[PDB]
There are 2 protein chains.
Amino acid sequence: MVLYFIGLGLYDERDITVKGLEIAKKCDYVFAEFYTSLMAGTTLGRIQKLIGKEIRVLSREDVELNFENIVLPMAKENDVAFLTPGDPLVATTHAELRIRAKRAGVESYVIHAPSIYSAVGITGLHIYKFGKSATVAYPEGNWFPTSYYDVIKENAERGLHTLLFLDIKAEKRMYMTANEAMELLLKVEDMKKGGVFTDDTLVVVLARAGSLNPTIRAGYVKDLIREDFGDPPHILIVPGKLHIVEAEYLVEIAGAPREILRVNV
Amino acid sequence: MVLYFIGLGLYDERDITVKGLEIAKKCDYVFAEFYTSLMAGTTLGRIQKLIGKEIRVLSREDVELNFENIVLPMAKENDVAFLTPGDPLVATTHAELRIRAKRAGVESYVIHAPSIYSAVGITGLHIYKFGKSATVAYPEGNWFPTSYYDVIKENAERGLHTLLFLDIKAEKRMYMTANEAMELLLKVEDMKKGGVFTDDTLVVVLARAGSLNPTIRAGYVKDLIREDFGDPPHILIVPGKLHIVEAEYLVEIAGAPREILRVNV
Ligand SMILES: Nc1ncnc2c1ncn2[C@@H]1O[C@H](CSCC[C@H](N)C(=O)O)[C@@H](O)[C@H]1O
């Protein structure tokens, strides 16, 4: 009679919460989407095996245009689950789907899971110091998105860190690397010349958070722009003003140049 | 000879991830801390029962001053777990603990779990719109801290939302309620008179995130300041200007007054 939004976590099927698993195991029908993010350490089959159910995967169009025609009708006679990578409501437009559920007279519940938004903590950067977040989107035809550059500028101006979600074209199986994001940013800098992102800018890369051995690297763009950070997904972070201990962690844990230990308070 | 930082998640004993539970079960020693936050929807006994391991609770001093003398030694010839509410390394001083591990020749791994930082997405407010975060601290003696006031001001000025953690005294199990936080902010407003937090300010209250039945309320301070939001912990958010979709979610899901559709958009 109800609908469950259940997050599956960062990397593999075991990143789901115990609460999410027990409820999913008992749902009559299970739907899911895998276009809002990439869970690099698992497969649909493994997820199905864990939950013990068949999973009908939906495309962005199925969801955005037909959620109330495909999923909601099932929640009327049965308990339905809608699975998503990471946390279902983080950096997705899935929250609006709860409004659709309400309008169809369907109660909905949300089961959270680890999200890349909080996983940034593993970078050593104080999470309360992050400012506005942004997404580095692939240019399309003659359209070249640049707003994410202004976000960095605004945050850096305030000494705040900037989290940069990276683009994804699931149907093309394309996942933007931190390298590609850095190249795009350098191109925007050349254009706006704001001194926001250059070869000397310190950045942090977090790849495959959720895995036991994620890649966590910190350093100057000039040195990292061509470094191999491993398979996607990746996120790029442009730190603002660093606290001594943040710098220490970046150096000791993320292999940053010891020279960043010296902060210009 | 491995140290596992494992998150317990949001509310109860089922908020830990499958990965976290299975790893904890394989550890010879299990430590935990409940001074940064408490699992209001469960008990140490229930957590111990679920993990099937005795759990040695550590105080703030045990961790901050003697982590290397209590936890790390056991990690030399055994697998050790350090459990914390939410997602590991979110609490400001925890990231540094990994440096201590490295210095002691101990490998450490992070097992993520849901954090309030990402769980607040259930309020319908877009995650990318959150700015710098802060904690509302009780004034005391001749000390009247107000920086959290300035954080709200700077975020809202840039159309960003402000996540506010409320004061907590874990040992004495004493919580600051959303109501108290609002009263405090009004008091700060009367002093700084910056037009940042008044009776007409729109706020959102999230209680018991993680529970299947959390309290999500949105409205003006003059109407919510004396409302009962249930048992703690409470999380207070001062949204910046709203996207119409954010406002609609707040109205349809959090019972916000229709008025916000024209006043705060
Ligand atoms: N495990 C992971 N490691 C690194 N980046 C990740 C990641 N999971 C998600 N991301 C980042 O976030 C983007 C998808 S945004 C959707 C996020 C999701 N709801 C969550 O809660 O995490 C990806 O393109 C990538 O840049």
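Just so you know, these numbers use all the heavy atoms, side chains as well, and skip hydrogens, waters and symmetry mates. So you know, we letter chains A, B, ... as the sequences are listed, proteins then strands, and number each from 1. When a ligand or atom number is given, it counts from 1 through the structure's own listing order.
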For [atom], grab the closest protein heavy atom and report residue, atom and distance to one decimal in Å.
| atom | result |
| --- | --- |
| atom 22 (O) of ligand 1 | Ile116(A) N, 3.0 Å |
| atom 2 (C) of ligand 1 | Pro233(A) CG, 3.4 Å |
| atom 18 (C) of ligand 1 | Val90(A) O, 3.5 Å |
| atom 14 (C) of ligand 1 | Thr36(A) O, 3.0 Å |

Note to self: Ring centres under 6.0 Å, that's the criterion: do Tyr117(B) and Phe165(B) meet it?
What the structure shows: yes
Counting from 1 in the order shown, the ligand 1 atoms closer than 4.0 Å to a non-hydrogen atom of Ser37(A) are 8 (N), 9 (C), 14 (C)
If we number the atoms of ligand 1 from 1 as shown, the ones under 4.0 Å from a heavy atom of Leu10(A) are 1 (N)
Going by the 4.0 angstrom heavy-atom rule, the piece of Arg208(A) near ligand 1 is backbone
Checking heavy atoms under 4.0 Å, the part of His234(A) that sits near ligand 1 is backbone
Ion pair present between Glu22(A) and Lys26(A), side-chain N to carboxylate O less than 4.0 angstrom?
-> no
May I ask you to check whether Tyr117(A) has an N/O atom sitting below 3.5 Å from an N/O atom of ligand 1?
-> no
(message) Check this for me - ligand 1, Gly210(A), N or O atoms closer than 3.5 angstrom, yes or no?
(response) no
**Asked** Can a non-hydrogen atom of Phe165(A) be found less than 4.0 Å from any atom of ligand 1?
**Response** yes
